[PDB]
Amino acid sequence: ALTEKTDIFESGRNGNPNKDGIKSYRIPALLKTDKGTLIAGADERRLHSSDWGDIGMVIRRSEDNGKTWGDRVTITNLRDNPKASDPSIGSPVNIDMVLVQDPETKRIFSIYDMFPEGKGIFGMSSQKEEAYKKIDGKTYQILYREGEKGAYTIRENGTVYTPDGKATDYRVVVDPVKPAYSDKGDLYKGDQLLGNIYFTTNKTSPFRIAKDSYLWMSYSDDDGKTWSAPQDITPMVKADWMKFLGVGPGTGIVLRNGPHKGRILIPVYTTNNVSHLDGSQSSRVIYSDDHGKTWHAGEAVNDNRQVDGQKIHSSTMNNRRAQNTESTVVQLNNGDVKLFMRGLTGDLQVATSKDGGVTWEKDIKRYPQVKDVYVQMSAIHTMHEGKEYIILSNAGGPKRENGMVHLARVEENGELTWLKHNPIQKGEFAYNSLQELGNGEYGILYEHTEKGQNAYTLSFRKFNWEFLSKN
Amino acid sequence: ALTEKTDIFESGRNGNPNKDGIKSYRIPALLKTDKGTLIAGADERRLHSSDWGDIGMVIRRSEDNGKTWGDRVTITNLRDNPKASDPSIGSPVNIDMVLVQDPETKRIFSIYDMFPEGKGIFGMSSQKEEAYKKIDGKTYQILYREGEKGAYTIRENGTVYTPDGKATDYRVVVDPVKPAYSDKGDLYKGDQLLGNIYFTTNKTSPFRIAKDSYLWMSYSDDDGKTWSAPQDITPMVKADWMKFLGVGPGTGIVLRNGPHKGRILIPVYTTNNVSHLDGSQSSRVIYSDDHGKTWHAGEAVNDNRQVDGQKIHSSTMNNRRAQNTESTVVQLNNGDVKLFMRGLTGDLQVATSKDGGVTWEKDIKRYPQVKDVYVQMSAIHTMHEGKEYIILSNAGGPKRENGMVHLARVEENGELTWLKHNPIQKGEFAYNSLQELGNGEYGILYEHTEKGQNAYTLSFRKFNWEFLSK
Ligand SMILES: CC(=O)N[C@H]1[C@H]([C@H](O)[C@H](O)CO)O[C@@](O)(C(=O)O)C[C@@H]1O
Ligand SMILES: CC(=O)N[C@H]1[C@H]([C@H](O)[C@H](O)CO)O[C@@](O)(C(=O)O)C[C@@H]1O
Ligand SMILES: [Cl-]
Ligand SMILES: [Cl-]
């Protein structure tokens with residue numbers, strides 16, 4: 307009814323790197339594909355456990371439902387700045403992934419954050435730098451040149467254009483060829499490699515992108531075996547007011563019923579320039595109705611939300627306790643969308659959308675039955691049998707420790723009743739990603755440490771319904 | 307060389323309404339049309355001199371170079387909330403205009419601010435309310451209903467649609483017909499008038515627009531005698547981050563030379579939600595390249611500007627001294643665009659655009675030869691002999707007093723060499739608008755009070771080259 311842990315991504319120990327040179331793994335995502343393959347995603351955090359540095363977006367695959375796992379496949383790994391004074395912050399950053407498969411096209415998506423070199427979400431410029439320019443319908447990423455105010459642009463074939471629209475002899479690698487696409491952003495003057503547009507210190511080229519928060523996507527048309535080059539989806543979904551825009555890591559969904567069936571939903575969250583991480587973190591979804599081709603932002607749960615008798619908006623709020631951050635998303639059988647959101651109330655908060663995640667109902671339902679120590683969670687829809695349920699897993703607390711699996715009945719109303727709450731990992735426990743495996747079995751990939759392991763080792767267990775019923 | 311003043315818009319005296327029941331006139335705009343006509347526009351501030359209340363946008367015409375003047379024509383006057391507890395704040399507000407004529411189509415444009423009922427720029431809601439929604443390629447204005455979270459929309463024919471897209475029995479007057487378009491925004495159910503979508507207190511109807519800052523445009527195709535209904539240009543130019551977006555009052559320009567010849571430029575300024583009016587006021591222009599049909603926002607002077615060693619952006623800045631607000635715009639013969647901006651440095655701040663006002667060069671030039679007491683100004687291009695010059699008019703100081711006309715020579719590289727500084731009005735002097743008349747003589751419509759007049763009475767004077775040259 308509950309297996310022993312199988313370590314999928316093993317961290318080093320006692321502050322040293324592991325055999326592969328990697329100190330740390332974080333941020334699990336678990337996906338069961340149509341071929342019944344399991345894909346386990348993670349941040350490969352080479353130098354340290356923090357939310358920056360040299361981080362690879364990696365997966366392993368299991369073709370026997372979680373028993374054995376293949377070699378690490380690197381989706382994206384941007385090259386470090388070799389001239390960086392501090393290598394700990396000396397790399398363009400990718401962090402936090404969401405996995406989802408399109409049930410129709412079979413195409414698998416990994417959506418993840420990107421930052422240029424520096425400290426990620428803790429190292430964003432205090433003043434806005436414009437990141438994109440629309441020139442005659444077409445949107446181009448801007449480049450800033452050493453000692454100049456104007457916006458250069460990256461146009462077709464990566465040709466750098468001057469602020470007043472003349473081709474230069476500078477080229478950006480927009481179609482990277484190297485393993486894990488480490489050549490992405492490389493800046494050339496004709497045939498000479500000069501540097502990289504994602505480097506921000508001790509640069510050997512004239513050009514850098516805006517110091518901002520970006521959102522990238524890579525896909526696989528062969529069950530996770532190979533991956534496309536990164537697609538920059540930021541300009542489709544990020545408004546000019548948004549400071550940070552990033553994924554709520556884990557596994558996204560495709561809507562299975564209602565008038566929006568087929569819609570891909572990816573949890574994200576933003577901050578604003580009024581209060582940033584202190585009081586503006588706000589959950590929402592981005593979505594696609596054309597099988598991952600184009601993406602749109604839905605509204606935030608916090609948009610026109612009533613809080614302490616006054617209305618807030620995600621773009622302007624400064625309310626620590628009204629924040630909702632990383633979230634996990636589930637569609638019910640009655641068409642509704644539930645968003646379970648990390649937050650600061652000490653218990654679970656849940657928003658409901660009736661239009662397929664575009665807008666959210668007036669009230670956030672809180673559930674004191676499920677604690678929330680302010681850490682990521684995952685939740686999936688399950689049938690048993692045929693009564694409707696939701697499985698949710700997160701830290702039991704008091705801190706990031708004692709991993710719990712929670713079971714709720716979904717009432718024919720759309721309401722939820724919490725029934726059973728079962729420990730699944732004693733000791734350290736943080737992020738996790740649940741999946742349905744079939745025949746009453748469920749998989750979980752999660753963050754844990756023991757015997758001096760660096761934060762974190764990512765381990766996998768299976769369980770069945772009998773595990774869930776314990777009281 | 308300098309005529310005595312002709313009062314064009316007369317304010318009340320001693321805190322009382324004038325003979326028309328108007329306490330105050332503010333915010334001159336002066337427009338010399340193709341026909342020779344002078345159009346003097348103003349805020350007609352009925353109840354008090356403050357930046358809110360019951361205000362009409364009004365003009366008077368002169369066909370004899372300012373000697374005689376016709377009757378006031380009211381461009382727009384939104385009706386007051388008849389149920390407001392405090393009438394001094396109980397009206398939807400129009401405030402601050404910019405006039406300009408298209409030299410090709412001859413169309414005259416009045417661009418001005420609009421707020422729903424309340425205290426204008428001084429009563430803006432702390433949190434964002436989204437004002438517009440795009441649905442299937444179309445942008446619709448949003449309505450909010452008491453007790454509901456979702457966005458109603460004003461669609462085709464003014465029919466109100468529910469958050470989820472059904473027609474209701476409600477409709478808005480989107481094509482107003484009453485004098486001064488005082489019916490604009492009226493909320494009907496069937497043929498029963500219920501209230502107004504611009505009303506924000508003691509409402510008799512279920513619906514209101516977002517409490518935000520809007521930009522409206524009305525146009526004349528008959529030398530300013532009659533005017534179109536207001537056109538809401540906000541969604542074309544206002545980004546989601548902007549809090550306030552409003553005009554820099556006076557008279558805008560059409561570019562006469564260079565790659566962008568024919569571009570209509572209108573000075574505006576924004577605030578942001580980080581620091582609002584304390585640290586974010588930022589000049590820029592909006593513009594039209596198709597004769598005022600569609601409008602675009604240029605970048606702010608403050609966008610990627612270096613201030614005390616550090617880059618700022620108009621959307622994120624919190625810097626009182628690096629603010630720039632109302633401005634006046636001039637195109638030089640070499641094609642450069644100069645923007646003279648009201649600021650907090652004591653002297654004249656000037657920005658330069660090399661691309662027809664879309665982006666601005668890295669330095670703001672300060673000219674200590676011209677004092678700025680933090681008050682609006684106007685400035686125009688003029689050819690004499692013909693050498694290229696700029697005339698700028700504002701207050702000399704130390705307060706809003708002693709009006710000046712300034713002459714600068716514009717050098718081939720666009721640098722300004724200030725030649726002459728001649729006083730034009732003793733005591734009270736605030737906003738003003740300059741025009742070229744022809745000989746050349748030069749007109750100035752300005753704010754000034756004497757003899758217990760309420761702020762302000764708006765008076766007109768002519769002056770010629772030899773007055774400037776003193
Ligand atoms: C992009 C990014 O930084 N993601 C990280 C977030 C954010 O820092 C917080 O959500 C900010 O509130 O949280 C973690 O630090 C955490 O709680 O373990 C890890 C995660 O990778
Ligand atoms: C829309 C509006 O309120 N306009 C008004 C401005 C602004 O309040 C300030 O520029 C804000 O900083 O200032 C005046 O009061 C002024 O200085 O005489 C008059 C003007 O009509
Ligand atoms: Cl570089
Ligand atoms: Cl009403």
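In the order they appear, the protein sequences are chains A and B. Going from the first sequence to PDB author numbering is simple: count from 1 and add 306. Going from the second sequence to PDB author numbering is simple: count from 1 and add 306. Ideal Cβ positions, reconstructed from N, Cα and C, are used throughout, including at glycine.
Is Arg-332 (chain B) near ligand 2, in the sense that its beta carbon is under 7 Å from a heavy atom of that ligand? Result yes, Cβ under 7 Å from ligand 2.
Can you tell which of B:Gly-372, B:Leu-308, B:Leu-722, B:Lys-484 has its C-alpha closest to the C-alpha of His-687 (chain B)? Selected option, being the one with the closest Cα: B:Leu-722.
Using a Cβ-Cβ cut-off of less than 8 Å, list which residues of the region 354-368 of chain B approach chain A; keep chain order. Against chain A - using a Cβ distance shorter than 8 Å - the region 354-368 of chain B contributes no residues.
Any beta carbon of chain A sitting closer than 8 Å to that of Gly-347 (chain B)? With 8 Å as the cut-off, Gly-347 (chain B) does not count as an interface residue toward chain A.
Over the uninterrupted alpha helix (DSSP H) stretch that includes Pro-541 (chain A), give me the two end residues. For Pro-541 (chain A), the enclosing alpha helix (DSSP H) starts and ends at 540-543.
Would you mind listing the beta strand (DSSP E) stretches within the region 481-568 of chain B that are 3+ residues and don't spill past its ends, in chain order? Here the runs fully enclosed are 492-495, 498-502, 520-526, 551-553.
Check whether the Cβ of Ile-401 (chain B) sits closer than 7 Å to any heavy atom of ligand 2, and report yes or no. Within the chosen limit of 7 Å, ligand 2 reaches the beta carbon of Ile-401 (chain B) through at least one heavy atom.
How about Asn-745 (chain B) and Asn-770 (chain B): are their beta carbons less than 8 Å apart? Yes, Cβ-Cβ distance for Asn-745 (chain B) and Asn-770 (chain B) is below 8 Å.
Considering only DSSP beta bridges, list what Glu-454 (chain A) is partnered with. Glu-454 (chain A) is not bridged to any residue.
Quick check on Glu-747 (chain A): does DSSP put it in helix, strand or coil? For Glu-747 (chain A), the secondary structure class from DSSP, reduced to helix, strand or coil, is strand.
Taking the beta strand (DSSP E) that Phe-315 (chain B) belongs to, which residues open and close that run? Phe-315 (chain B) -> beta strand (DSSP E) spans 312-315.
Does the distance between the C-beta of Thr-557 (chain B) and the nearest non-hydrogen atom of ligand 6 fall short of 7 Å? No copy of ligand 6 appears in this structure; the ligands present are ligand 1, ligand 2, ligand 3 and ligand 4.
Answer yes or no: the CB of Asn-383 (chain A) versus the heavy atoms of ligand 3, is any distance below 7 Å? False, no ligand heavy atom lies under 7 Å from that Cβ.
Kindly list, in the order they appear in chain A, the residues whose Cβ is closer than 9 Å to that of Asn-700 (chain B). Per Cβ cutoff of 9 Å: no residues; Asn-700 (chain B) is ~28 Å from chain A at best.
Partners in chain A for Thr-622 (chain B), counting only beta-carbon separations shorter than 7 Å: The answer, in chain order, is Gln-433, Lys-434, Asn-579.
Rounded to whole angstroms, what's the CA-CA distance from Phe-428 (chain A) to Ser-534 (chain A)? Just pull it up for me. Rounded to the nearest angstrom, the two C-alpha atoms are 29 Å apart.
Determine the burial state of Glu-410 (chain B): buried for a count of at least 16 other Cβ atoms within 10 Å of its Cβ, exposed for fewer. Burial state of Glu-410 (chain B) is exposed, judged by a 10 Å Cβ sphere holding fewer than 16 other Cβ atoms.
Closer than 8 Å, Cβ to any Cβ of chain B: which residues of the region 524-552 of chain A, in chain order? Within the region 524-552 of chain A, the residues whose Cβ lies closer than 8 Å to some Cβ of chain B are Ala-545, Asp-546, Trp-547, listed in chain order.
Closer than 8 Å, CB to CB, is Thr-631 (chain B) near chain A or not? By this cut-off, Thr-631 (chain B) is not an interface position.
Minimum Cβ-Cβ distance from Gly-556 (chain B) to chain A less than 8 Å: False, the Cβ-Cβ gap to chain A never drops below 8 Å.
Which residue marks the beginning of the alpha helix (DSSP H) containing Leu-774 (chain A), and which one marks its end? Counted as a single uninterrupted DSSP element, the alpha helix (DSSP H) harbouring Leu-774 (chain A) occupies residues 771-774.
Skipping 5 residues on each side, what residues in its chain have a beta carbon closer than 6 Å to that of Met-548 (chain A)? Here the set comprises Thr-576.
Given this structure, state the Cα-to-Cα distance separating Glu-423 (chain A) from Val-399 (chain A), to the nearest angstrom. Whole-angstrom Cα-Cα distance: 6 Å.
Could you spell out the range, first to last residue, of the alpha helix (DSSP H) harbouring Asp-584 (chain B)? Its alpha helix (DSSP H) spans residues 582-585.
Could you tell me the alpha carbon to alpha carbon distance between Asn-387 (chain A) and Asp-489 (chain A), rounded to whole angstroms? Cα to Cα, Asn-387 (chain A) sits roughly 12 Å from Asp-489 (chain A).
Can the beta-carbon of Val-679 (chain A) be found less than 8 Å from the beta-carbon of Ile-559 (chain A)? Against a cut-off of 8 Å, the Cβ pair of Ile-559 (chain A) and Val-679 (chain A) comes out as no contact.
Alpha-carbon spacing of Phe-735 (chain B) relative to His-712 (chain B), whole angstroms: For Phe-735 (chain B) and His-712 (chain B), the gap between their C-alpha atoms comes out near 15 Å.
In its own chain, which residues sit with a C-beta less than 8 Å from the C-beta of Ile-328 (chain A), not counting the 5 before and 5 after it? A distance below 8 Å between beta-carbons, with the five flanking residues on each side excluded, links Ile-328 (chain A) to the following residues of its chain, in chain order: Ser-317, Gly-318, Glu-350, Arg-351, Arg-352.
Kindly say whether residue 850 (chain B), judged by its beta-carbon, lies nearer than 8 Å to any beta-carbon of chain A. Missing from the structure shown is residue 850 (chain B); chain B here goes from 307 to 776 and no further.
Classification of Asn-502 (chain B) by the beta-carbon crowding that lies within 10 angstroms, buried from 16 upward: Around the beta carbon of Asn-502 (chain B), 16 or more other beta carbons lie within 10 angstroms, which makes this residue buried.
Backbone CA spacing between residue 793 (chain A) and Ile-697 (chain B) [nearest angstrom]: This structure cannot speak to residue 793 (chain A), because chain A is shown only from 307 to 777.
Helix or strand or just coil, what does DSSP make of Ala-628 (chain A)? Three-state result, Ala-628 (chain A): helix.
Using the beta-carbon count (16 or more within 10 Å), is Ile-441 (chain B) buried or exposed? So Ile-441 (chain B) ends up on the exposed side.
Can you check whether the C-beta of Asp-340 (chain B) is within less than 8 Å of a C-beta belonging to chain A? Nearest CB-CB separation between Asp-340 (chain B) and chain A: not below the 8 Å threshold.
Between which residues of its own chain and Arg-385 (chain B) is the CB-CB distance below 6 Å, once the five residues before and five after are set aside? Closer than 6 Å at the Cβ level, and outside the excluded window around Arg-385 (chain B), lie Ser-488.
Assigned secondary structure, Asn-700 (chain A) (DSSP; H/G/I helix, E/B strand, else coil): DSSP, reduced to helix, strand and coil, places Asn-700 (chain A) within a strand of the structure shown.
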